[PDB]
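Asker:
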Amino acid sequence: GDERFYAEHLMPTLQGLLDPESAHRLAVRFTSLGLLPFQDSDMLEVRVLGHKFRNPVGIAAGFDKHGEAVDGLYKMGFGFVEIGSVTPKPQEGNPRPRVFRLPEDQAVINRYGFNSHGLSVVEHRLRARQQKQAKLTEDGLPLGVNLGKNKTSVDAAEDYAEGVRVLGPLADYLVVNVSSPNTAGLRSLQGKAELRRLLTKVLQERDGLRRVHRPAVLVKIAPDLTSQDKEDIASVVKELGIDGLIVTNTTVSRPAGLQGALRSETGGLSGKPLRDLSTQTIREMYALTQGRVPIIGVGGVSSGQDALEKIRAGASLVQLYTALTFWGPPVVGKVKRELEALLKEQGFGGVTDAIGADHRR
Ligand SMILES: Cc1cc2nc3c(=O)[nH]c(=O)nc-3n(C[C@H](O)[C@H](O)[C@H](O)COP(=O)(O)O)c2cc1C
Ligand SMILES: CCOc1cccc(-c2ccc(NC(=O)/C(C#N)=C(/C)O)cc2)c1
Ligand SMILES: O=C(O)c1cc(=O)[nH]c(=O)[nH]1
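The sequence shown lines up with residues 33 to 69, 73 to 396 when you count with the authors' numbering.
The structure is reproduced here in structure tokens:
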């Protein structure tokens, strides 16, 4: 598992032979079969959300939408895996092409539109390995399940409620994905009144599950929120005792300077141009919640430095996806090795010490 070989040869060859969606599909297949190319220091261990995480580097939602490659992802070195988004009924998502690479920007634009095998299919897939997962979780390798809603659903809150009922018993944490830019009306669920009503329902459903089957609940937010939007979210999160936030989803913005020919495709932008917009959103959300609400930081993480910036901004854990599509599997060990070195260099005893450190200087 050599970084240079993957970065300069394997990935560019793969990217030259297949369209992005096909490459994604082959990636999932290959990962699930456990054919793949770092020993985690105690310094990387984090305890949050009612769990031990052996390292703070997770695979973000969208790579394994249907829960097919969970074990292969742990083998890749991820400290935690998040699957989804999963919708109640199966649905196909948007017409193809719907994923686009911007290699000059180390970015991706996607408009998948919640292509999902649906709750029932994912439920059975997770049930087939439920005890294996119980042991992985106990070993410090938790599982997150990200919930979406169907395109034609009338009642968004009932879609999330159904997700809580069906996959909640199989998850260490649930994500109420209220931030996809690719489902009409979805991001409006981030508004105060809508959000309070939605999350009240979600939390009631979650609280009705048996103790050993009772997941933490997080809300995943956009990087495109107004100051007022962020204030309102922070307020609702604290009012309801939401367990954490995932910050951030993809951006509908197109930062000045994008070079990719495909920069004006519709969809969510991910990877390097998102990085600091995401970090700044983490920083604001951490301040508005007084450091009391765990944050999973996501967006543009490709290095130890990227990870530590999000951690010092207030993230307890980080995730990546887009970097894997450029650098391949060696990126996971790279991020971890670099993060470990930076923690030592900056005088932190471990990840935990660094969480929110920028707010204390
Ligand atoms: C192809 C693609 C599909 C995604 N699908 C989902 C999704 O289903 N649900 C979700 O919450 N986030 C989804 N995301 C967003 C990622 O989870 C993450 O928030 C975002 O891509 C920023 O991280 P990154 O720059 O490391 O990719 C997707 C991202 C991409 C690249
Ligand atoms: C020889 C195998 O190397 C691997 C092993 C496991 C995964 C990967 C790999 C992971 C993700 C991707 N994904 C993409 O390239 C992509 C795009 N565009 C998306 C949307 O996932 C491709 C390859 C490559
Ligand atoms: O399915 C998608 O289109 C999608 C969902 C999401 O939450 N974020 C994203 O970038 N794409």
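Beta carbons are placed, not taken as given, at the ideal position from N, Cα and C, and that holds for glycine.
Assuming residue 313 is part of the alpha helix (DSSP H), what are its boundary residues?
Answerer: Run containing residue 313: 310-323, per the alpha helix (DSSP H) assignment.
Asker: Take residue 167 and list the residues in its own chain whose beta-carbon comes closer than 8 Å to its own, dropping the five residues that flank it on each side.
Answerer: Excluding positions up to five away in sequence, the list reads 106.
Asker: Should residue 56 be labelled buried (16 or more other beta-carbon atoms within 10 Å of its own) or exposed?
Answerer: Classification of residue 56: buried, given that the 10 Å Cβ count is 16 or more.
Asker: Taking its Cβ as the centre, do 16 or more other Cβ atoms sit within 10 Å of residue 131, making it buried, or is it exposed?
Answerer: Residue 131 should be labelled exposed.
Asker: Quick check for students: name the residue ranges of the beta strand (DSSP E) that lie wholly in the segment 194-273, counting only runs of 3 or more.
Answerer: You should have 208-212 and 251-256.
Asker: Look at the Cβ atom of residue 175, then the Cβ atom of residue 149, and state whether they are nearer than 8 Å.
Answerer: No, the Cβ-Cβ distance between residue 175 and residue 149 is not below 8 Å.
Asker: Would you mind stating whether residue 305 and residue 334 have Cβ atoms separated by less than 8 Å?
Answerer: Yes, they are a contact pair.
Asker: Quick check: what's the CA-CA separation for residue 34 versus residue 365?
Answerer: Whole-angstrom Cα-Cα distance: 6 Å.
Asker: Starting from residue 166, trace the alpha helix (DSSP H) in both directions and tell me its first and last residue.
Answerer: 165-173 is the extent of the alpha helix (DSSP H) around residue 166.
Asker: If you scan the segment 95-126 from start to end, which runs of the beta strand (DSSP E) of 3 or more residues do you find wholly inside it?
Answerer: Entirely contained in the segment 95-126, the beta strand (DSSP E) runs reaching 3 residues are, in chain order, 115-121.
Asker: Counting only runs that start and end within the segment 333-372, where is the alpha helix (DSSP H) found for 4 or more residues in a row?
Answerer: The qualifying runs are 339-348 and 357-362.
Asker: If you run the structure through DSSP and keep just helix, strand and coil, what is residue 379?
Answerer: Helix.
Asker: When the Cα atoms are used, what is the spatial distance from residue 321 to residue 49?
Answerer: Distance between the alpha carbons of residue 321 and residue 49 is about 42 Å.
Asker: When every heavy atom of ligand 1 is checked, does at least one fall within less than 7 Å of the C-beta of residue 219?
Answerer: Not under cutoff, so the answer is no.
Asker: Provide the residue(s) that pair with residue 181 in DSSP beta bridges, ordered along the chain.
Answerer: Partner(s): 119 and 210.
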